[PDB]
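Chains as they are written, first to last, in the authors' numbering: chain W, 20 to 152; chain M, 3 to 244; chain G, 6 to 245; chain H, 3 to 234; chain N, 1 to 195; chain L, 2 to 241.
Quick look at the structure:
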């Protein structure tokens with residue numbers, strides 16, 4: 020599981036440099052699902068930072084929107100995982116200088132964040148970025 | 003401590019428990035220890051019987067009865083209670099045979115006897131049967147089953163269980179034994195060593211081991227271990243208990 | 006004030022029957038929990054299983070039973086009272102079939118057995134069978150029914166009910182689900198029951214720790230959901 | 003006084019049986035119910051409110067008919083009410099079989115009073131924790147009776163027992179008139195339910211039955227909703 | 001009547017006429033002497049009808065009780081025992097002959113007969129009623145071993161047809177039931193179907 | 002009073018004992034001692050007769066119930082007598098219906114069943130009589146001691162009653178001869194047992210002892226002062 024994902028990180032990264040969203044989203048969904056069931060510590064963090072990184076580098080916001088709304092709608096999520104996701108989106112939304120992308124992304128970060136989490140200070144950073152906007 | 007609530011069996015507790023059946027639990031745990039194991043093609047029984055006085059003859063207070071031809075009877079608790087429960091169970095089996103014309107399944111006999119022992123648990127003019135008993139049988143077209151029924155009235159299915167002052171102790175050392183595969187020949191040895199290790203020698207010494215079993219090895223018929231196999235089991239015990 | 010909590014037949018001041026509430030608390034003493042959910046044409050019963058050791062036979066420790074070929078039953082509390090009450094319920098259903106020539110409706114079965122428990126709690130010759138009942142079935146022109154009976158002889162139909170140690174929280178979760186006014190299809194009913202149990206227990210159980218029974222209009226027989234189908238249902242819930 | 007509040011066969015040195023009074027106290031803690039006798043008929047109602055809407059309100063009914071023209075409501079224990087209904091049905095039908103004529107409601111009340119006071123005769127059996135309201139129409143006259151756990155039975159132009167029964171009785175005696183009509187009787191009954199309903203009666207939150215020259219009939223949910231809207 | 005039931009490898013086939021009379025007058029010509037006692041155990045009734053139906057409901061209750069307590073369908077032996085005890089306990093007042101046919105997973109297709117007076121026995125062909133005193137030679141001459149479902153059907157058709165045309169207490173239609181692991185098949189012979 | 006748990010047989014102690022049964026058990030410790038021995042083919046019951054005053058006869062402690070089976074009582078006169086009539090009725094019923102003597106083991110089993118009902122059910126007081134049963138059947142002599150706890154034991158010997166521990170330890174010293182002894186030898190062993198029970202100032206006189214002997218061909222015959230005379234002539238002198 021952590022072995023599958025850690026020998027997959029080279030494989031899934033060399034697969035990601037092709038874009039090809041559907042299949043990788045499906046496999047990452049399956050592995051994240053099993054790790055949510057099994058309550059694993061580091062593989063969940065690696066896999067979710069992996070999917071978020073892949074969406075952000077591959078330059079789709081609907082796909083990361085789907086990732087956010089799935090594992091918000093999906094259950095048994097580690098709170099630190101959601102926190103790392105939203106804080107990564109924060110550090111993936113403050114450096115971008117695209118106005119429509121930035122506004123849509125802060126809209127998503129607003130509607131995902133019911134149930135504020137210890138990282139809500141880092142989310143306060145992004146809401147002050149929204150304050151600038 | 004529940005004073006004012008445990009003078010009768012029809013009175014609940016503020017926590018919601020009948021203390022008469024709990025006191026019967028206590029009495030059973032203050033009684034002798036009996037183990038049973040179901041083999042691949044039958045079930046075996048083992049009784050740890052304390053010889054309170056050598057004046058007692060061997061075979062006195064025989065504890066491994068047989069309710070039916072294919073059904074045995076192991077029991078721990080009060081010997082008078084054991085005999086009364088055995089008698090009502092035997093009458094139940096005889097009535098089942100008279101009305102339905104074939105051998106009584108172990109699960110059905112256990113259900114009937116559990117209902118009857120419950121009928122003595124919830125009344126006020128009577129007292130719950132403070133004794134825990136074993137039901138074992140082997141049917142060629144049904145299989146092998148084992149059941150422990152305590153004065154609480156719960157008849158649950160146990161592969162092989164123990165009752166007495168070494169309940170948890172016998173659980174610990176019967177868990178290490180693998181069970182489901184070997185037959186009575188390779189199970190009597192384990193039963194003998196288990197019974198001879200659970201007993202305490204410094205306190206409550208002077209015990210003898212009696213055994214009984216049912217299965218195709220005696221054509222689905224419950225009987226005590228034959229004297230030859232009995233002494234062989236004792237020899238395996240003394241070798242294994244070192 | 007107090008001291009009237011000794012006899013089932015004694016009325017306390019303010020007309021409060023203590024011993025009956027004592028029995029209701031004794032229902033919880035089993036340490037288990039159970040819930041029943043009903044759909045448009047299905048009724049799902051699920052209950053928890055606790056095994057102290059592998060040494061027991063899991064096939065005989067089922068906590069849900071079958072009253073008649075189309076009427077299933079689940080219950081909790083003291084297991085001896087449980088089996089006595091299911092024996093009495095089966096006796097009553099068979100007597101009803103003998104006398105009236107057609108299968109006992111769930112509501113009438115609950116009514117008669119609740120009358121029996123009332124007679125138990127009305128006279129001081131009986132300990133009032135401190136185990137709660139939930140009965141399920143299908144009836145023509147009315148559809149599926151889920152009924153609950155208690156040692157006091159109080160019976161009522163439920164769109165969804167619960168019992169055991171976690172009664173109040175399970176009922177609150179059930180209300181939270183039913184206030185959304187959704188159709189509750191058969192798989193949806195089963196999943197609502199499993200989610201209720203898992204959340205009120207906070208265990209996210211392995212599929213081997215639950216027994217499930219279901220009765221539907223297309224399958225009027227009370228089918229005890231086997232290991233294969235409960236695995237399908239609840240691991241699908243897991244992935245769903 | 004405490005040593006005598008424990009059995010039903012011992013007289014208190016000053017008064018009477020205390021277990022009967024405690025059964026009455028159990029009755030007064032039950033669901034409020036109001037019965038009103040109009041000029042042309044009778045109406046009796048009760049509140050079916052219970053938490054956990056999961057409960058099936060149609061599953062059980064607090065207002066049941068005994069025969070084609072006799073209905074009853076209670077206040078107090080549920081299962082005891084069911085048992086009383088069963089015994090009343092058996093007694094009324096025995097009277098019908100013996101006499102081949104619909105049972106007069108006065109005799110029904112007398113017989114049900116006798117059967118409930120039978121449970122008060124000896125110890126070991128508690129008296130019913132339920133009081134009965136009997137509605138009936140016969141000989142061109144609407145009859146309304148109350149049956150007691152003590153076996154006492156009396157008549158009532160309009161009464162209300164259960165929770166907050168004193169306020170309901172004051173309301174009724176400040177509302178009822180001898181020339182009341184059936185529809186106005188239902189209006190007064192629903193208002194009496196309202197003044198202590200505590201939570202905005204719905205069509206199913208209350209249960210009302212009516213009896214008249216055309217026998218007794220429990221009102222369907224639609225008519226209950228219509229009457230609730232009319233009162234508003 | 002003529003209730004002949006014969007077992008075959010896989011189950012038992014049971015047939016009967018449809019004649020019930022009060023004197024010389026045929027009261028009902030649509031009588032069924034095959035009353036389903038359970039899912040895969042049936043019965044054949046001869047003698048006074050009321051007694052047969054009453055004991056049928058009684059044993060229906062009893063083996064329903066047993067099947068629901070064991071969570072397992074009853075054996076034919078247990079059922080036949082119930083009919084035996086019921087018949088004997090009322091044998092001074094019971095005028096009824098019962099054939100207990102059926103199939104169970106324990107052994108298979110079994111035919112148990114309890115004639116007048118209550119012999120609990122089993123055999124190949126169980127013929128009963130006032131019409132069972134005619135085809136006895138006919139079956140003994142036509143008895144062979146191992147009739148398939150078709151061959152069992154023809155055995156029933158011809159045997160009950162001779163009973164039909166030869167005896168005046170057998171009339172109406174011919175009702176058949178086939179009990180096996182697949183389940184129970186119930187068929188009716190009328191018109192040109194009966195030989 | 003923490004001993005409110007010993008007022009009826011139908012309540013358990015918090016430690017899981019029925020103190021009423023234990024008091025019934027101790028009740029037979031009050032009666033006079035009685036010891037029994039059995040040979041290859043002969044079983045003896047020897048008891049110590051007691052008298053209210055020396056101006057009146059000694060209380061009989063050996064009772065004849067049937068030609069092959071005999072009993073000895075130690076405890077309440079009423080309970081023992083009732084048990085004796087019950088024994089006689091059952092032995093006769095066996096002789097009438099089976100034409101065979103009642104087996105010793107079967108007789109003692111029915112004794113246990115009869116005396117368990119008072120122990121289990123409210124009503125009749127527990128049978129507080131210690132019974133020594135000596136008879137003959139297919140596998141030879143039997144000695145059965147039925148303790149008032151509704152329990153019985155197959156014993157080589159037993160002394161029940163007052164100061165019976167002295168006889169118990171005497172027999173514990175002297176197993177090694179019981180099996181192979183003839184009539185006179187076993188009789189003298191039993192007499193030495195009672196003499197061990199009896200204190201120094203008293204001795205086994207003719208009026209003091211009662212002897213009952215059964216065997217394969219010799220019926221259960223009870224001896225008295227003149228009849229015990231030949232058996233005590235072979236008796237030795239007390240080792241004082």
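Think of the CB as a built atom: it goes at the ideal place given N, C-alpha and C, for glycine as much as any other residue.
is_contact[residue 61 of chain N, chain G] using C-beta, thresh 8 Å: yes
Identity of the residues DSSP links to residue 40 of chain M by a beta bridge: M:45
Cross-strand partners of residue 49 of chain G (DSSP beta bridge): G:42 and G:219
Reduced DSSP category for residue 107 of chain G - H, G, I as helix; E, B as strand; rest coil: coil
Cutoff 6 Å; reference residue 156 of chain W; Cβ partners in own chain excluding five residues on either side: Limits of chain W in this structure are 20 at one end and 152 at the other, which puts residue 156 of chain W out of reach.
Closer than 8 Å to chain M by CB, residue 153 of chain N: no
C-alpha distance - residue 86 of chain W paired with residue 71 of chain W, whole-angstrom precision: 8 Å
Own chain residues within Cβ distance below 6 Å of residue 62 of chain N, not counting five before or after: 82
Nearest-angstrom Cα separation, counted from residue 74 of chain M out to residue 271 of chain N: Because chain N spans 1 through 195 in this model, residue 271 of chain N falls outside it and cannot be assessed.
Bridge partner(s) assigned by DSSP for residue 48 of chain H: H:35 and H:209
Proximal chain G residues relative to residue 126 of chain H, where beta-carbon distance stays under 8 Å: 14, 128, 129 and 130
Option nearest residue 157 of chain L by Cα separation, candidates L:200, L:163, L:179 and L:136: L:179
Cutoff 8 Å: residue 188 of chain G Cβ touching any chain H Cβ: no
Range of the contiguous alpha helix (DSSP H) that encloses residue 174 of chain L: 165 to 174
Straight-line Cα distance separating residue 186 of chain G from residue 196 of chain N: The requested residue 196 of chain N is not part of the displayed model; chain N covers only 1 to 195.
Beta-carbon proximity of residue 114 of chain M to residue 94 of chain M, cut-off 8 Å: yes
Terminal residues of the beta strand (DSSP E) in which residue 80 of chain W lies: Unbroken run through residue 80 of chain W is the alpha helix (DSSP H), 80 to 92; no beta strand (DSSP E).
Nearest residue (CA-CA) to residue 110 of chain G, options H:61, H:185, H:225 and H:14: H:61
Buried or exposed by the 16-neighbour rule on C-beta atoms within 10 Å, applied to residue 129 of chain L: buried
Length-filtered (4 minimum) alpha helix (DSSP H) runs lying within the region 141 to 172 of chain N: 149 to 166
Chain G within 8 Å of residue 228 of chain H, Cβ atoms only: no
Sequence ranges, beta strand (DSSP E) only - wholly within the region 13 to 70 of chain N, length at least 3: 20 to 22, 25 to 28 and 44 to 47
Chain L contacts from the region 148 to 182 of chain M (Cβ-Cβ distance under 9 Å): none
Contiguous alpha helix (DSSP H) assignments of at least 4 residues, all confined to the region 62 to 141 of chain M: 81 to 102 and 108 to 121
CB of residue 99 of chain N within 8 Å of CB of residue 174 of chain N, strictly: no
Proximity below 8 Å, CB of residue 205 of chain G to CB of residue 163 of chain G: no
Contact set between residue 85 of chain N and chain M, taken where Cβ atoms lie within less than 9 Å: 100, 101, 102 and 103
Residue 25 of chain L versus residue 149 of chain L: straight-line alpha-carbon distance, rounded: 6 Å
Residue 119 of chain N - DSSP class collapsed to helix/strand/coil: coil
C-beta neighbour in chain H for residue 133 of chain G, strict 8 Å: no
Length-filtered (3 minimum) beta strand (DSSP E) runs lying within the region 53 to 132 of chain H: 72 to 78
Within 8 Å, strictly: CB atoms of residue 152 of chain N and residue 42 of chain N: no
Residues that residue 90 of chain G contacts on chain M, provided the C-beta gap is smaller than 9 Å: In chain order: nothing, as chain M lies at least about 10 Å away.
Proximal residues, the region 56 to 68 of chain G versus chain M, C-beta separation under 9 Å: 57, 58, 59, 60, 61, 62, 63, 64, 65 and 66
Backbone secondary structure at residue 127 of chain L - three-state DSSP: coil
Residue 120 of chain G versus residue 84 of chain H - alpha carbon distance: 8 Å
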